[PDB]
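First come two forms of one protein chain, each written alone as structure tokens, so that there is a structure 1 and a structure 2.
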Structure 1
């Protein structure tokens, strides 16, 4: 038996080595980290402190209001490890929209697009999101339940549990070097 990493935050669970990694990802006593990806903010705090932190320390992150929006990522053929981030406001919540370009597999630059709720895991379960890329007679769609920012996105990226494509695919969908991602959030 081993204690959870977040024991010092008030977590009581002791588990064997094999059950430890799964619990801590989903543990409630996990700190809410600055949800903006991926370097180099090291801020942590409570859920109610997240939106003010973004507003005070990440002023260039824009918000669009609506359930049905276009997240237009500019200059997607910019080389290397890039992030695009915006927030979407609907249903009384803010959602973090992230497009990340990273060399997850060696020699293969890929894009990962994912939505997170600024709120709890329990709250996140009432939502669904759709990410849709549109091209000339082409459409690529991903639909899932948004991750709570509590969980982060590193695990979903590693598991490809989000929309995954690459620079090859992106060319079908890009217009003037930009990528329009249709993001629809709905309740279930």
Structure 2
């Protein structure tokens, strides 16, 4: 029944909790710094939520934005060697969503793809949305639907748990044109 201030009180939290509860809150706390939501381990930026979009605009100029709830994410050059990243932004319902495609090295020459959407917003806000990722090919279709992650949470855990759209190179070839992959992204509200 002794109460401790949140470690992010200096940033404005005002929550005080029993030690039993302290870390569980501090992991979820809105006043926790946001890390750069871009894929890969190159950018080490951190800041508040309101600083994220300007950051992305200053430091990640190549990232393109599309307005609309229903768009096509065309990842080019998917067979180009290494582990690689694709990222773009989708604007709708008064929010920005980051679309990420990530290629990883798996067991042998075989590689795996992970595709996922994050909300540029809080976890609570993230709960109001759903997204759908669609791969389309000749007489085929692969679909993944879920709740977007808040960038507060990030995608490392989701991707690690296959909690996103997961497919490997052979799957990729079925849906690819040239060396490019079209991903249909549809956002909706719950």
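Superpose the two forms; the largest set of C-alphas matching within 1.5 Å is the rigid core. Positions refer to the first chain, counted from 1.
Once both forms sit on the same rigid core, is the C-alpha displacement of residue 28 at or above 2 Å between structures 1 and 2?
Passes the 2 Å threshold, so yes.
Cα of residue 83 displaced 2 Å or more between structures 1 and 2, core superposed?
Moves: no, less than 2 Å.
Tell me how far the smaller rigid part swings relative to the bigger one between structures 1 and 2, in degrees.
35 degrees is the angle the smaller part turns through.
With the core fitted, just quote the Cα shift at residue 162 between structures 1 and 2, in angstrom to one decimal.
Displacement of the C-alpha, rigid core superposed: 0.1 Å.
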